[PDB]
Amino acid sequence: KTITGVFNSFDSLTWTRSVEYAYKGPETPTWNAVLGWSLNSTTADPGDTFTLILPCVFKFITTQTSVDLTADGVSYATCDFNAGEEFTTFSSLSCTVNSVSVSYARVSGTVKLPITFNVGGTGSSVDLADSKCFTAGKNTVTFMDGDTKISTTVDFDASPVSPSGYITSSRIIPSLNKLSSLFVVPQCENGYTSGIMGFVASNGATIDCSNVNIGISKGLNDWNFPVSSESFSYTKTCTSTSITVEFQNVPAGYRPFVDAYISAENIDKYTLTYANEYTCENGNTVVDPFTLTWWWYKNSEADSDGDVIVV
């Protein structure tokens, strides 16, 4: 049978720092959620299942496929990780009650989940929905088990990057062994006449043309991600090494963006070179190409403004 209301509290949510990541954003590894659970042998039996919903959670920061609900060295349940990624706006746990050697009436305990939140990243339906999940500053993070809501408060730092310039982001999709990479054109307050956006992949990355998004967004959120995506006048070419989008008139208040899945040949680094051309209404063409090297980890030296770490 499927039972509900095993997870009964959200105890704490804290960020853990590492060599690579400095600013404490929702997508920044790693957030650790401590949750309270309780099981009653009269209402739950070995093999019964139960699920925890994690809205606005992109993935689990672990290579383990499961985590156990343990108390005093006894494993009372096993919960499989089900990352939302680009499939669903929420992540989940699919848990199963375990047979134990020590009979209990009621037992309670906690579990730690390593997670990163989703506040955008591409023009996909999932990322656009999740771009409205949180705002900079204080938020309430709510998980659900059946109809039971469990929640705690947290403070998310806004991105330190100015939204008015170009925006780049890359994020690993573990189940796919691909990454998504985004490029947002610099802001022209009153609209655009023309431009060229996109990136050329080199140094151990190819572009997956079957998973791309091209749209214009009505502004960006607190972490510089697109919040909407509408069609507009553009022509594009996508090859295994280059995605290039040439666009024409874009209305005021909109930001053109393009993202694609990337296949990396290793988990060391890949390089993207961005064309970055734009002409604001009434203005002159700006041509400002730049190159970034995206790293999966932190390399010994740190390292130029051109070296950035994926999330």
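All residue numbers refer to positions in the sequence shown, first residue = 1.
Please compare 299-307 with 9-17 and say which has the higher mean C-alpha temperature factor in the record. Looking at the recorded C-alpha B-factors, 299-307 comes out higher on average.
Higher mean Cα B-factor in the deposited model: 180-188 or 93-101? Between 93-101 and 180-188, it is 93-101 that shows the higher mean C-alpha B-factor.
Going by the entry, which of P26, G47, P256, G36 has the most elevated CA B factor? Result of the comparison over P26, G47, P256, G36: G47.
Per the entry's Cα B factor values, which of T30, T43, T51, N276 stands out as the maximum? Among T30, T43, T51, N276, the highest C-alpha B-factor in the entry belongs to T43.
Splitting the chain's C-alpha B-factors into thirds, which one does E246 fall into? Its C-alpha B-factor, which the entry lists for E246, ranks in the lowest third among residues of this chain.
B-factor third for the C-alpha atom of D157 within its chain: Its C-alpha B-factor, which the entry lists for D157, ranks in the highest third among residues of this chain.
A77 - Cα temperature factor, lowest/middle/highest third of chain: Middle third by C-alpha B-factor.
Can you tell me whether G121 has a C-alpha B-factor in the lowest, middle or highest third compared with the other modelled residues of the same chain? Lowest third.
What third of its chain's C-alpha B-factors does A205 belong to: lowest, middle or highest? As the PDB entry reports it, the C-alpha B-factor of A205 lands in the highest third of its chain.
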